[PDB]
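J.: upload-v6.pdb is reproduced in full below (PDB, C-alpha atoms).
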ATOM      1  CA  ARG U  54     -15.569  11.328  29.362
ATOM      2  CA  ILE U  55     -12.098  12.760  29.970
ATOM      3  CA  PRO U  56     -10.889  11.884  33.499
ATOM      4  CA  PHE U  57      -9.131  15.134  34.463
ATOM      5  CA  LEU U  58     -11.658  17.764  33.365
ATOM      6  CA  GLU U  59     -13.228  18.609  36.741
ATOM      7  CA  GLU U  60     -11.306  21.792  37.566
ATOM      8  CA  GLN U  61     -11.673  23.161  34.030
ATOM      9  CA  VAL U  62     -15.475  22.871  34.043
ATOM     10  CA  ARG U  63     -15.526  24.233  37.598
ATOM     11  CA  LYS U  64     -13.549  27.308  36.535
ATOM     12  CA  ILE U  65     -15.712  27.776  33.431
ATOM     13  CA  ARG U  66     -18.834  27.785  35.608
ATOM     14  CA  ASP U  67     -17.339  30.018  38.307
ATOM     15  CA  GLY U  68     -15.743  32.633  36.050
ATOM     16  CA  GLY U  69     -18.815  33.523  34.014
ATOM     17  CA  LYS U  70     -18.189  32.000  30.594
ATOM     18  CA  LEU U  71     -21.653  30.452  30.935
ATOM     19  CA  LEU U  72     -22.991  33.943  30.215
ATOM     20  CA  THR U  73     -21.005  34.129  26.969
ATOM     21  CA  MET U  74     -22.177  30.664  25.909
ATOM     22  CA  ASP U  75     -25.801  31.590  26.618
ATOM     23  CA  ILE U  76     -25.431  34.869  24.713
ATOM     24  CA  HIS U  77     -24.056  32.996  21.701
ATOM     25  CA  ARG U  78     -26.853  30.421  21.934
ATOM     26  CA  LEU U  79     -29.503  33.157  22.096
ATOM     27  CA  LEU U  80     -27.907  35.028  19.174
ATOM     28  CA  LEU U  81     -27.891  31.830  17.093
ATOM     29  CA  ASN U  82     -31.715  32.107  17.104
ATOM     30  CA  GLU U  83     -32.031  35.738  15.987
ATOM     31  CA  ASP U  84     -31.681  37.381  12.584
ATOM     32  CA  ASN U  85     -30.775  40.908  13.738
ATOM     33  CA  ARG U  86     -28.761  41.273  16.939
ATOM     34  CA  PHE U  87     -29.828  44.908  17.385
ATOM     35  CA  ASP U  88     -33.503  43.990  17.753
ATOM     36  CA  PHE U  89     -32.481  41.287  20.234
ATOM     37  CA  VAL U  90     -30.545  43.884  22.245
ATOM     38  CA  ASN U  91     -33.545  46.227  22.221
ATOM     39  CA  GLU U  92     -35.886  43.413  23.298
ATOM     40  CA  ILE U  93     -33.591  42.417  26.170
ATOM     41  CA  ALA U  94     -33.349  46.070  27.213
ATOM     42  CA  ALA U  95     -37.138  46.460  27.206
ATOM     43  CA  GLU U  96     -37.621  43.249  29.200
ATOM     44  CA  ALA U  97     -35.011  44.327  31.757
ATOM     45  CA  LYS U  98     -36.699  47.731  32.019
ATOM     46  CA  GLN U  99     -40.019  46.003  32.709
ATOM     47  CA  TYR U 100     -38.357  43.787  35.330
ATOM     48  CA  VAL U 101     -36.820  46.828  37.038
ATOM     49  CA  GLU U 102     -40.098  48.767  36.976
ATOM     50  CA  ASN U 103     -41.941  45.786  38.466
ATOM     51  CA  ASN U 104     -39.577  45.282  41.442
ATOM     52  CA  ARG U 105     -37.073  48.043  42.217
ATOM     53  CA  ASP U 106     -35.892  46.820  45.626
ATOM     54  CA  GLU U 107     -35.321  43.308  44.254
ATOM     55  CA  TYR U 108     -32.314  44.481  42.239
ATOM     56  CA  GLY U 109     -29.203  46.419  43.226
ATOM     57  CA  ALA U 110     -26.913  43.458  43.762
ATOM     58  CA  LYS U 111     -28.710  41.178  41.271
ATOM     59  CA  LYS U 112     -28.714  42.314  37.644
ATOM     60  CA  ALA U 113     -32.045  42.474  35.828
ATOM     61  CA  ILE U 114     -30.370  41.760  32.479
ATOM     62  CA  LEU U 115     -28.722  38.626  33.858
ATOM     63  CA  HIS U 116     -32.107  37.697  35.338
ATOM     64  CA  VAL U 117     -33.742  38.021  31.909
ATOM     65  CA  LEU U 118     -31.000  35.905  30.337
ATOM     66  CA  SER U 119     -31.335  33.244  33.057
ATOM     67  CA  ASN U 120     -35.119  33.127  32.651
ATOM     68  CA  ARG U 121     -34.724  32.735  28.882
ATOM     69  CA  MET U 122     -32.160  29.965  29.384
ATOM     70  CA  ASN U 123     -34.310  28.145  31.956
ATOM     71  CA  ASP U 124     -37.357  28.370  29.684
ATOM     72  CA  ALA U 125     -35.287  26.646  26.962
ATOM     73  CA  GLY U 126     -34.531  23.515  29.006
ATOM     74  CA  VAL U 127     -31.069  24.555  30.258
ATOM     75  CA  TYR U 128     -30.704  25.031  34.007
ATOM     76  CA  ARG U 129     -28.990  28.304  34.933
ATOM     77  CA  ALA U 130     -28.651  30.049  38.284
ATOM     78  CA  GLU U 131     -30.951  33.020  38.796
ATOM     79  CA  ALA U 132     -29.213  36.035  37.216
ATOM     80  CA  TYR U 133     -25.982  33.967  37.068
ATOM     81  CA  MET U 134     -25.323  34.910  40.708
ATOM     82  CA  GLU U 135     -23.364  32.474  42.877
ATOM     83  CA  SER U 136     -21.795  32.831  46.317
ATOM     84  CA  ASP U 137     -18.482  31.443  47.525
ATOM     85  CA  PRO U 138     -19.142  28.730  50.145
ATOM     86  CA  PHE U 139     -15.474  28.800  51.193
ATOM     87  CA  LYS U 140     -15.561  32.448  52.280
ATOM     88  CA  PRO U 141     -13.644  32.877  55.567
ATOM     89  CA  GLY U 142     -15.995  35.381  57.196
ATOM     90  CA  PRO U 143     -17.758  38.733  56.929
ATOM     91  CA  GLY U 144     -15.594  41.515  55.566
ATOM     92  CA  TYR U 145     -13.211  39.036  53.904
ATOM     93  CA  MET U 146     -13.096  39.296  50.108
ATOM     94  CA  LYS U 147     -11.216  37.098  47.663
ATOM     95  CA  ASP U 148      -8.357  38.539  45.606
ATOM     96  CA  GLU U 149      -8.735  37.554  41.945
ATOM     97  CA  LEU U 150      -5.346  37.850  40.240
TER      98      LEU U 150
ATOM     99  CA  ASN Q   6     -12.536  15.779  15.469
ATOM    100  CA  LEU Q   7      -9.235  17.661  15.233
ATOM    101  CA  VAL Q   8      -6.073  17.025  13.243
ATOM    102  CA  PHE Q   9      -2.819  15.968  14.893
ATOM    103  CA  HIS Q  10       0.161  18.139  13.945
ATOM    104  CA  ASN Q  11       3.713  16.761  13.860
ATOM    105  CA  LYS Q  12       5.305  19.889  12.347
ATOM    106  CA  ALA Q  13       6.525  23.221  13.667
ATOM    107  CA  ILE Q  14       3.772  25.717  14.476
ATOM    108  CA  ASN Q  15       4.394  29.362  13.564
ATOM    109  CA  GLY Q  16       2.461  32.617  13.569
ATOM    110  CA  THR Q  17       0.840  32.058  10.179
ATOM    111  CA  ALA Q  18      -0.002  28.466  11.114
ATOM    112  CA  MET Q  19      -1.519  29.719  14.375
ATOM    113  CA  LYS Q  20      -3.596  32.314  12.519
ATOM    114  CA  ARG Q  21      -4.813  29.647  10.083
ATOM    115  CA  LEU Q  22      -5.714  27.303  12.942
ATOM    116  CA  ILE Q  23      -7.570  30.054  14.810
ATOM    117  CA  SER Q  24      -9.503  30.997  11.670
ATOM    118  CA  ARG Q  25     -10.454  27.358  11.067
ATOM    119  CA  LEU Q  26     -11.523  26.960  14.700
ATOM    120  CA  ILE Q  27     -13.654  30.110  14.444
ATOM    121  CA  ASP Q  28     -15.238  28.683  11.292
ATOM    122  CA  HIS Q  29     -15.891  25.217  12.727
ATOM    123  CA  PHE Q  30     -16.677  25.625  16.436
ATOM    124  CA  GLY Q  31     -17.563  29.332  16.435
ATOM    125  CA  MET Q  32     -16.127  32.209  18.425
ATOM    126  CA  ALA Q  33     -17.524  30.918  21.730
ATOM    127  CA  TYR Q  34     -15.438  27.732  21.782
ATOM    128  CA  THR Q  35     -12.513  29.540  20.150
ATOM    129  CA  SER Q  36     -12.298  31.959  23.085
ATOM    130  CA  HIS Q  37     -11.739  29.155  25.603
ATOM    131  CA  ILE Q  38      -9.436  27.291  23.202
ATOM    132  CA  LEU Q  39      -7.328  30.436  22.808
ATOM    133  CA  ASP Q  40      -7.206  31.011  26.569
ATOM    134  CA  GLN Q  41      -6.004  27.442  27.149
ATOM    135  CA  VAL Q  42      -3.450  27.793  24.342
ATOM    136  CA  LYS Q  43      -2.173  31.036  25.884
ATOM    137  CA  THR Q  44      -1.856  29.368  29.289
ATOM    138  CA  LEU Q  45       0.060  26.396  27.869
ATOM    139  CA  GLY Q  46       2.287  28.694  25.805
ATOM    140  CA  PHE Q  47       3.197  30.873  28.772
ATOM    141  CA  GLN Q  48       3.851  27.767  30.879
ATOM    142  CA  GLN Q  49       6.179  26.199  28.309
ATOM    143  CA  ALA Q  50       7.965  29.491  27.604
TER     144      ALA Q  50
ATOM    145  CA  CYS X 631      43.037  69.689  53.307
ATOM    146  CA  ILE X 632      41.002  70.573  50.212
ATOM    147  CA  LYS X 633      42.264  72.417  47.139
ATOM    148  CA  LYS X 634      40.366  75.074  45.178
ATOM    149  CA  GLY X 635      38.098  72.879  43.074
ATOM    150  CA  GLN X 636      37.683  69.652  45.019
ATOM    151  CA  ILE X 637      34.331  68.301  46.210
ATOM    152  CA  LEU X 638      33.286  69.234  49.740
ATOM    153  CA  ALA X 639      29.819  67.655  49.759
ATOM    154  CA  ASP X 640      27.737  65.315  47.603
ATOM    155  CA  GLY X 641      24.371  66.486  46.315
ATOM    156  CA  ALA X 642      21.344  64.436  45.373
ATOM    157  CA  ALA X 643      21.746  61.743  42.701
ATOM    158  CA  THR X 644      25.523  61.967  43.145
ATOM    159  CA  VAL X 645      27.851  59.792  45.231
ATOM    160  CA  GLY X 646      31.639  60.021  45.323
ATOM    161  CA  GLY X 647      31.505  62.866  42.819
ATOM    162  CA  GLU X 648      29.896  60.929  39.950
ATOM    163  CA  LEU X 649      26.371  61.149  38.577
ATOM    164  CA  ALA X 650      24.213  58.341  40.016
ATOM    165  CA  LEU X 651      20.648  58.253  38.683
ATOM    166  CA  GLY X 652      19.862  54.630  39.520
ATOM    167  CA  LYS X 653      20.788  51.409  41.283
ATOM    168  CA  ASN X 654      22.551  48.157  40.414
ATOM    169  CA  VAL X 655      20.261  45.129  40.738
ATOM    170  CA  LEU X 656      20.499  41.501  39.680
ATOM    171  CA  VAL X 657      18.682  40.855  36.398
ATOM    172  CA  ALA X 658      17.745  37.743  34.433
ATOM    173  CA  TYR X 659      16.502  37.717  30.831
ATOM    174  CA  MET X 660      13.791  35.062  30.589
ATOM    175  CA  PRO X 661      10.060  34.899  30.193
ATOM    176  CA  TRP X 662       8.173  34.380  33.455
ATOM    177  CA  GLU X 663       4.555  33.350  33.273
ATOM    178  CA  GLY X 664       3.491  36.190  31.098
ATOM    179  CA  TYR X 665       4.376  38.864  33.530
ATOM    180  CA  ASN X 666       7.017  40.019  31.107
ATOM    181  CA  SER X 667       4.781  40.198  28.014
ATOM    182  CA  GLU X 668       5.460  43.142  25.806
ATOM    183  CA  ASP X 669       7.586  45.181  28.047
ATOM    184  CA  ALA X 670       6.893  44.600  31.643
ATOM    185  CA  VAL X 671       9.094  43.735  34.533
ATOM    186  CA  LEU X 672       8.637  41.360  37.393
ATOM    187  CA  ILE X 673      10.504  42.554  40.422
ATOM    188  CA  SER X 674      11.070  41.148  43.844
ATOM    189  CA  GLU X 675       9.987  42.465  47.237
ATOM    190  CA  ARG X 676      13.623  43.056  48.238
ATOM    191  CA  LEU X 677      13.541  46.322  46.287
ATOM    192  CA  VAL X 678      10.487  47.256  48.358
ATOM    193  CA  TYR X 679      11.431  46.366  51.931
ATOM    194  CA  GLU X 680      15.069  47.509  51.562
ATOM    195  CA  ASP X 681      14.245  50.982  50.148
ATOM    196  CA  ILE X 682      16.309  50.431  46.991
ATOM    197  CA  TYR X 683      14.135  52.676  44.795
ATOM    198  CA  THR X 684      12.602  54.931  47.446
ATOM    199  CA  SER X 685      12.340  58.592  46.475
ATOM    200  CA  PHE X 686      11.096  61.755  48.097
ATOM    201  CA  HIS X 687       8.796  64.114  46.285
ATOM    202  CA  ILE X 688       7.876  67.598  47.471
ATOM    203  CA  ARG X 689       4.821  69.509  46.160
ATOM    204  CA  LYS X 690       3.934  73.088  47.093
ATOM    205  CA  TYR X 691       0.509  74.695  47.530
ATOM    206  CA  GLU X 692       0.024  78.452  47.884
ATOM    207  CA  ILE X 693      -2.956  80.812  48.105
TER     208      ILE X 693
END
Go through the file and emit its structure as C-alpha coordinates.

T.:
Amino acid sequence: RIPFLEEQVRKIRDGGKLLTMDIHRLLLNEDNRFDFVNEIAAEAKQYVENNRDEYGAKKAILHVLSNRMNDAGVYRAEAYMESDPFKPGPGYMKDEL
Amino acid sequence: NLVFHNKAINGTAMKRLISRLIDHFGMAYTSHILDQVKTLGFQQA
Amino acid sequence: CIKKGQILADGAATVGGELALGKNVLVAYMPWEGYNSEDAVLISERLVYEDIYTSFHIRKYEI
(Lines of atoms letter the chains of each structure in order from A and count residues from 1; the text may use other names and numbers.)
(Lines give C-alpha, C1' and ligand atoms only; values in the text may rest on other atoms or scores of the structure.)
Protein backbone atom coordinates (compact mmCIF):
# COMPACT_ATOMS: atom_id res chain seq x y z
CA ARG A 1 0.00 0.00 0.00
CA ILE A 2 1.63 3.23 -1.18
CA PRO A 3 1.27 5.96 1.49
CA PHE A 4 0.59 9.00 -0.72
CA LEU A 5 -2.01 7.67 -3.16
CA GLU A 6 -5.17 9.14 -1.61
CA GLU A 7 -5.62 12.18 -3.87
CA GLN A 8 -4.87 10.19 -7.03
CA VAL A 9 -7.57 7.59 -6.34
CA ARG A 10 -9.93 10.39 -5.28
CA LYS A 11 -9.40 12.20 -8.58
CA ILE A 12 -9.76 8.96 -10.56
CA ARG A 13 -13.12 8.32 -8.89
CA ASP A 14 -14.34 11.92 -9.22
CA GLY A 15 -13.31 12.53 -12.83
CA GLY A 16 -15.05 9.55 -14.39
CA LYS A 17 -12.25 7.16 -15.31
CA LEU A 18 -14.27 4.50 -13.47
CA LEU A 19 -16.57 4.52 -16.51
CA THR A 20 -13.64 3.80 -18.83
CA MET A 21 -12.38 0.99 -16.59
CA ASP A 22 -15.85 -0.57 -16.47
CA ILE A 23 -16.22 -0.27 -20.25
CA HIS A 24 -12.89 -2.05 -20.74
CA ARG A 25 -13.87 -4.74 -18.23
CA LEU A 26 -17.21 -5.30 -19.98
CA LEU A 27 -15.52 -5.41 -23.40
CA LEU A 28 -13.02 -7.99 -22.12
CA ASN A 29 -16.00 -10.39 -21.88
CA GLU A 30 -17.41 -9.90 -25.39
CA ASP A 31 -16.32 -11.22 -28.77
CA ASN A 32 -17.84 -8.50 -30.98
CA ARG A 33 -18.03 -4.97 -29.59
CA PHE A 34 -20.75 -3.96 -32.07
CA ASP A 35 -23.23 -6.50 -30.69
CA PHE A 36 -22.37 -5.28 -27.18
CA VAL A 37 -23.10 -1.70 -28.26
CA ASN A 38 -26.42 -2.77 -29.77
CA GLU A 39 -27.35 -4.71 -26.62
CA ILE A 40 -26.53 -1.74 -24.38
CA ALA A 41 -28.56 0.52 -26.68
CA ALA A 42 -31.57 -1.82 -26.54
CA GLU A 43 -31.36 -2.10 -22.75
CA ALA A 44 -31.13 1.68 -22.37
CA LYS A 45 -34.11 2.07 -24.71
CA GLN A 46 -36.10 -0.33 -22.54
CA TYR A 47 -35.06 1.58 -19.41
CA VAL A 48 -36.15 4.88 -20.97
CA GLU A 49 -39.48 3.45 -22.15
CA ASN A 50 -40.16 2.03 -18.68
CA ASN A 51 -39.57 5.31 -16.78
CA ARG A 52 -39.36 8.53 -18.80
CA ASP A 53 -39.52 11.03 -15.92
CA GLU A 54 -36.80 9.15 -14.04
CA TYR A 55 -34.15 10.28 -16.53
CA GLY A 56 -33.21 13.71 -17.84
CA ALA A 57 -30.37 14.41 -15.45
CA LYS A 58 -29.46 10.73 -14.92
CA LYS A 59 -28.28 8.83 -18.00
CA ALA A 60 -29.98 5.53 -18.82
CA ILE A 61 -26.81 4.19 -20.46
CA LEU A 62 -24.76 4.94 -17.35
CA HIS A 63 -27.55 3.31 -15.32
CA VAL A 64 -27.29 0.15 -17.44
CA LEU A 65 -23.51 0.11 -17.04
CA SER A 66 -23.80 0.60 -13.26
CA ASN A 67 -26.37 -2.19 -12.96
CA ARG A 68 -24.11 -4.52 -14.96
CA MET A 69 -21.13 -3.59 -12.77
CA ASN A 70 -23.10 -4.05 -9.53
CA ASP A 71 -24.40 -7.43 -10.71
CA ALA A 72 -20.76 -8.50 -11.23
CA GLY A 73 -19.69 -7.91 -7.61
CA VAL A 74 -18.19 -4.43 -8.09
CA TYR A 75 -19.92 -1.58 -6.27
CA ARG A 76 -20.62 1.42 -8.50
CA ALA A 77 -22.77 4.49 -7.91
CA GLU A 78 -26.12 4.47 -9.69
CA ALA A 79 -25.50 5.77 -13.23
CA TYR A 80 -22.05 6.99 -12.06
CA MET A 81 -23.72 10.14 -10.70
CA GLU A 82 -22.14 11.87 -7.70
CA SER A 83 -22.77 15.26 -6.11
CA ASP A 84 -20.22 17.67 -4.68
CA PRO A 85 -20.67 17.87 -0.88
CA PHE A 86 -18.47 20.98 -0.74
CA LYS A 87 -20.76 23.05 -2.97
CA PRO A 88 -21.09 26.60 -1.56
CA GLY A 89 -24.79 27.08 -2.29
CA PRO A 90 -27.56 27.06 -4.89
CA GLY A 91 -26.61 28.69 -8.17
CA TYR A 92 -22.88 28.22 -7.49
CA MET A 93 -21.12 25.94 -9.98
CA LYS A 94 -17.53 24.74 -9.93
CA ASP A 95 -15.10 25.85 -12.65
CA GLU A 96 -13.19 22.86 -14.02
CA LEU A 97 -10.00 24.10 -15.68
CA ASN B 1 6.74 -5.24 -12.21
CA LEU B 2 8.43 -2.49 -14.24
CA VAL B 3 12.02 -1.94 -15.30
CA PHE B 4 14.16 0.84 -13.86
CA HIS B 5 15.81 3.04 -16.50
CA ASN B 6 19.15 4.77 -15.88
CA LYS B 7 19.58 6.07 -19.45
CA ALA B 8 18.30 9.02 -21.44
CA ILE B 9 14.69 8.71 -22.61
CA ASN B 10 13.87 9.96 -26.11
CA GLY B 11 10.90 9.96 -28.46
CA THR B 12 11.56 6.49 -29.85
CA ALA B 13 12.17 5.14 -26.35
CA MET B 14 8.91 6.74 -25.21
CA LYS B 15 7.02 5.19 -28.13
CA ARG B 16 8.52 1.78 -27.33
CA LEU B 17 7.60 2.12 -23.66
CA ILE B 18 4.04 3.18 -24.49
CA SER B 19 3.64 0.25 -26.89
CA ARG B 20 4.93 -2.18 -24.26
CA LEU B 21 2.60 -0.70 -21.64
CA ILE B 22 -0.35 -1.03 -24.04
CA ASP B 23 0.64 -4.66 -24.61
CA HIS B 24 1.10 -5.52 -20.93
CA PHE B 25 -1.43 -3.48 -18.94
CA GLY B 26 -3.83 -2.61 -21.76
CA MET B 27 -5.06 0.74 -23.02
CA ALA B 28 -7.06 1.45 -19.85
CA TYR B 29 -4.03 1.61 -17.54
CA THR B 30 -1.93 3.18 -20.30
CA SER B 31 -4.29 6.16 -20.48
CA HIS B 32 -3.75 7.06 -16.82
CA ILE B 33 -0.02 6.29 -17.05
CA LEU B 34 0.26 8.65 -20.03
CA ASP B 35 -1.70 11.38 -18.24
CA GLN B 36 0.60 11.15 -15.21
CA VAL B 37 3.66 11.15 -17.48
CA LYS B 38 2.36 14.25 -19.27
CA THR B 39 1.77 16.00 -15.94
CA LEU B 40 5.27 15.18 -14.67
CA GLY B 41 6.82 16.21 -17.99
CA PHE B 42 5.07 19.57 -18.04
CA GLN B 43 6.02 20.15 -14.40
CA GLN B 44 9.71 19.41 -14.98
CA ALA B 45 9.83 21.41 -18.22
CA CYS C 1 4.90 76.73 -38.77
CA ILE C 2 4.44 73.74 -41.08
CA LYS C 3 5.96 73.31 -44.53
CA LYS C 4 4.23 71.83 -47.59
CA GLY C 5 4.57 68.13 -46.84
CA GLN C 6 4.85 67.85 -43.07
CA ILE C 7 2.43 65.89 -40.89
CA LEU C 8 -0.46 67.85 -39.39
CA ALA C 9 -2.31 64.97 -37.72
CA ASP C 10 -1.74 61.30 -36.91
CA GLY C 11 -4.19 58.71 -38.21
CA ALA C 12 -5.04 55.32 -36.80
CA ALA C 13 -2.21 52.80 -36.32
CA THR C 14 0.29 55.66 -36.67
CA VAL C 15 2.06 57.68 -33.98
CA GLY C 16 4.73 60.32 -34.55
CA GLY C 17 4.48 59.72 -38.29
CA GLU C 18 5.55 56.06 -38.29
CA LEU C 19 3.47 52.95 -38.87
CA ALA C 20 2.50 51.36 -35.53
CA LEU C 21 0.52 48.13 -35.83
CA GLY C 22 1.24 46.73 -32.37
CA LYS C 23 2.61 47.22 -28.88
CA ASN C 24 5.86 46.55 -27.03
CA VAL C 25 5.42 44.07 -24.17
CA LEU C 26 7.81 42.12 -21.96
CA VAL C 27 8.31 38.56 -23.20
CA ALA C 28 10.01 35.46 -21.81
CA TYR C 29 10.80 32.31 -23.80
CA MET C 30 10.14 29.34 -21.52
CA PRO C 31 7.62 26.57 -21.19
CA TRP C 32 4.92 27.23 -18.60
CA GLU C 33 2.79 24.34 -17.47
CA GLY C 34 1.69 23.35 -20.89
CA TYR C 35 -0.06 26.54 -21.65
CA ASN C 36 2.52 27.16 -24.33
CA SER C 37 2.23 23.77 -26.07
CA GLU C 38 2.39 23.94 -29.80
CA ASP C 39 1.96 27.58 -30.32
CA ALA C 40 0.02 29.22 -27.62
CA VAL C 41 0.69 32.19 -25.47
CA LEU C 42 0.12 32.81 -21.82
CA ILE C 43 -0.49 36.45 -21.17
CA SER C 44 -1.02 38.48 -18.07
CA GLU C 45 -4.05 40.48 -16.95
CA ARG C 46 -2.09 43.74 -17.25
CA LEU C 47 -2.77 43.70 -20.99
CA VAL C 48 -6.46 43.40 -20.13
CA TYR C 49 -7.03 45.98 -17.39
CA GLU C 50 -4.68 48.58 -18.95
CA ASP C 51 -6.26 48.48 -22.45
CA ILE C 52 -2.97 47.58 -24.15
CA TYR C 53 -4.61 45.62 -26.98
CA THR C 54 -8.06 47.20 -27.00
CA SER C 55 -9.52 47.83 -30.44
CA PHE C 56 -12.70 49.30 -31.83
CA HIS C 57 -14.67 47.54 -34.51
CA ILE C 58 -17.55 49.07 -36.45
CA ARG C 59 -20.11 46.96 -38.38
CA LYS C 60 -22.89 48.38 -40.55
CA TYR C 61 -26.41 47.04 -41.15
CA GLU C 62 -28.70 48.42 -43.86
CA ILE C 63 -32.13 47.53 -45.24

J.: What is the atom CA of residue U:96 to atom CA of residue Q:33 distance in Å?

T.: 24.7 Å

J.: Using the chain letters and numbers from the file, give me the residues hit by the ChimeraX specification (/Q :<12) & /X, as a PyMOL selection string.

T.: chain X and resi 660-667

J.: Could you give me the centre and size, in Å to one decimal, of an axis-aligned box around all listed atoms of stretch 38-49 of chain Q with 4 Å added on every side, as AutoDock Vina command-line options?

T.:
--center_x -1.6 --center_y 28.6 --center_z 26.8 --size_x 23.6 --size_y 12.8 --size_z 16.1

J.: Output the residue selection produced by the ChimeraX specification (/U :<9) & /Q on the file above, formatted as a PDB file with C-alpha atoms, keeping the file's coordinate frame.

T.:
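Final output, saved to selection.pdb:
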ATOM      1  CA  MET Q  32     -16.127  32.209  18.425  1.00  0.00           C
ATOM      2  CA  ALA Q  33     -17.524  30.918  21.730  1.00  0.00           C
ATOM      3  CA  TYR Q  34     -15.438  27.732  21.782  1.00  0.00           C
ATOM      4  CA  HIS Q  37     -11.739  29.155  25.603  1.00  0.00           C
TER       5      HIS Q  37
END

J.: Got a sec: who's within 12 Å of residue X:659, counting only C-alpha atoms, leaving out chain neighbours fewer than 3 positions off, as an MDAnalysis selection string?

T.: chainID X and resid 656 662 666 669:672

J.: I'd like the neighbourhood of stretch 132-149 of chain U as a list in words, where a residue qualifies if any of its atoms comes within 6 Å (using all atoms listed in the file), though same-chain residues fewer than 2 positions away should be ignored.

T.: residues 115, 116, 119 and 130 of chain U

J.: So that I can check the surroundings of residue Q:7, please list as a list in words every protein, DNA and RNA residue that reaches within 12 Å of it, counting all atoms listed in the file and ignoring chain neighbours fewer than 3 positions away.

T.: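 With the cut-off at 12 Å, the set is residues 10, 22, 25, 26, 29 and 30 of chain Q.
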
J.: Please, what distance in Å, to one decimal, runs between atom CA of residue X:645 and atom CA of residue X:657?

T.: 22.8 Å

J.: Can you sort out stretch 126-146 of chain U so it carries N, CA and C atoms, written as a CSV table (one decimal), in the coordinates of the input?

T.:
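out28.csv written:
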chain,number,residue,atom,x,y,z
U,126,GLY,N,-34.9,24.8,28.6
U,126,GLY,CA,-34.5,23.5,29.0
U,126,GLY,C,-33.1,23.4,29.6
U,127,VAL,N,-32.4,24.5,29.7
U,127,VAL,CA,-31.1,24.6,30.3
U,127,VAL,C,-31.1,25.2,31.6
U,128,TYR,N,-30.7,24.5,32.7
U,128,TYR,CA,-30.7,25.0,34.0
U,128,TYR,C,-29.6,26.0,34.2
U,129,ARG,N,-29.9,27.2,34.6
U,129,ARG,CA,-29.0,28.3,34.9
U,129,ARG,C,-29.4,29.0,36.2
U,130,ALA,N,-28.4,29.3,37.0
U,130,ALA,CA,-28.7,30.0,38.3
U,130,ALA,C,-29.4,31.4,38.0
U,131,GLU,N,-30.2,31.8,39.0
U,131,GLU,CA,-31.0,33.0,38.8
U,131,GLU,C,-30.0,34.2,38.7
U,132,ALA,N,-30.1,34.9,37.5
U,132,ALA,CA,-29.2,36.0,37.2
U,132,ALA,C,-27.7,35.7,37.2
U,133,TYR,N,-27.4,34.4,37.1
U,133,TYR,CA,-26.0,34.0,37.1
U,133,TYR,C,-25.2,34.4,38.3
U,134,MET,N,-25.9,34.5,39.5
U,134,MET,CA,-25.3,34.9,40.7
U,134,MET,C,-25.0,33.7,41.6
U,135,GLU,N,-23.8,33.5,42.0
U,135,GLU,CA,-23.4,32.5,42.9
U,135,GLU,C,-22.5,33.1,44.0
U,136,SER,N,-22.5,32.4,45.1
U,136,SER,CA,-21.8,32.8,46.3
U,136,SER,C,-20.7,31.8,46.6
U,137,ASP,N,-19.6,32.3,47.2
U,137,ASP,CA,-18.5,31.4,47.5
U,137,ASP,C,-18.7,30.7,48.9
U,138,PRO,N,-18.9,29.4,48.9
U,138,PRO,CA,-19.1,28.7,50.1
U,138,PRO,C,-17.9,28.7,51.0
U,139,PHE,N,-16.7,28.9,50.5
U,139,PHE,CA,-15.5,28.8,51.2
U,139,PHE,C,-15.0,30.2,51.7
U,140,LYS,N,-15.9,31.1,51.8
U,140,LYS,CA,-15.6,32.4,52.3
U,140,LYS,C,-15.1,32.3,53.7
U,141,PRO,N,-14.1,33.0,54.2
U,141,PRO,CA,-13.6,32.9,55.6
U,141,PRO,C,-14.6,33.5,56.6
U,142,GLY,N,-15.1,34.7,56.3
U,142,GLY,CA,-16.0,35.4,57.2
U,142,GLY,C,-16.5,36.7,56.6
U,143,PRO,N,-17.3,37.4,57.4
U,143,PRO,CA,-17.8,38.7,56.9
U,143,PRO,C,-16.6,39.7,56.9
U,144,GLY,N,-16.6,40.6,55.8
U,144,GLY,CA,-15.6,41.5,55.6
U,144,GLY,C,-14.4,41.0,54.9
U,145,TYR,N,-14.3,39.7,54.6
U,145,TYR,CA,-13.2,39.0,53.9
U,145,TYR,C,-13.6,38.8,52.5
U,146,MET,N,-12.8,39.4,51.5
U,146,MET,CA,-13.1,39.3,50.1
U,146,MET,C,-11.9,38.6,49.4
